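Only one chain comes next, encoded as structure tokens, the form deposited in one PDB entry.
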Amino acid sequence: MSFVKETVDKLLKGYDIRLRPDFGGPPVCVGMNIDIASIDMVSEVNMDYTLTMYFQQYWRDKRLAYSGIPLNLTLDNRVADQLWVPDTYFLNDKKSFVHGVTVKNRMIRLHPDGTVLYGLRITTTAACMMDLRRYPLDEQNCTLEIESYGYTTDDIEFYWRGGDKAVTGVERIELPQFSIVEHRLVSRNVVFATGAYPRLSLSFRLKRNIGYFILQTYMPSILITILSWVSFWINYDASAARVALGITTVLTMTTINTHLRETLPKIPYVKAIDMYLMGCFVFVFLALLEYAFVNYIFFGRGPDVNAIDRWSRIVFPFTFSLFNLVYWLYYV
């Protein structure tokens, strides 16, 4: 320990954190691999997802090179504040923090050849704008931009260390509502007014599970559209019966549709779920108008009636069945 103490003490003496490695020369290549702990919540209302990961950075700093110690020195994480580390930032994050119990979740592992391994445990709320025109049968593509703030491509270079295996742990993620179809890694350059900057992009193609929405939303909407057909087997004289039965279906369809928008942002377009609820409402509304037409013909035009009922008992179950065929094939 006496010799290891001397080695670490002499490295930090004269070390200049204000200057990146090879300040006047070639860019310092920074390798990044991510181990994803879990994706917590994917909010359509807030248009963001919360992600926990073990963010690790790799770079060689010849100033931090030591010999005579055949070990990889895992220094206490309080030394990270005395060393140059890349100014990596996530462009599309809203709120982020590094966990700090029982200490700050950092690691510094020096290597004899001067390499620095820098692991951070970060919970990130990243912005993910979602196109909800096929909701809930939609596939979402949420990204995570990784960029250098102050260092241009002349100063720093980012690569996914390990290639396509740089990001791990995705296969273990179990979102309650979604399913991670795949992920991919993109390395490119982004140009701003202040120069060109390297960018790493991690993106997941989320696929929404339809199972929950079938029971909660789709199935009750179908049954109510069937109960509205019960009135077609009711005598036309039962005004207080069919109208009471007919109206309640109309009110429920309005209630179901207007109580579903609460859990969603105020997007100014019709989703796939809204198109279906509107489709059922039209059949339900015409079911109530079917009796209003019969009650008008029998009494208002008294001075055929049963034909409309028999005709309704076939076309209404047929058109709605036809409606499901067009709807589901167009969306699945």
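Note that the rigid core is defined as the largest set of C-alphas that superpose within 1.5 Å between two forms. Throughout, we count residues from 1 along the sequence that is shown.
We do not show the form deposited in another entry, though everything after this point is about it.
- Residue shifts between this form and the one not shown, rigid core superposed: of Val270, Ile69, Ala65, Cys29, the only C-alpha displaced by 2 Å or more belongs to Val270.
- In this overlay on the rigid core, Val116 has a C-alpha that sits less than 2 Å away from its partner position between this form and the one not shown.
- Here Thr102 does not count as shifted, since its C-alpha moves by less than 2 Å between this form and the one not shown after the core is aligned.
- The Cα position of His259 differs by 2 Å or more between this form and the one not shown after fitting on the rigid core.
- The pair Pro265 and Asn209 approaches in the other entry: their C-alpha atoms are at least 3 Å nearer to each other than in the form depicted.
- With a change of no less than 3 Å, the CA-CA distance between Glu44 and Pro268 is smaller in the other entry than in the form shown.
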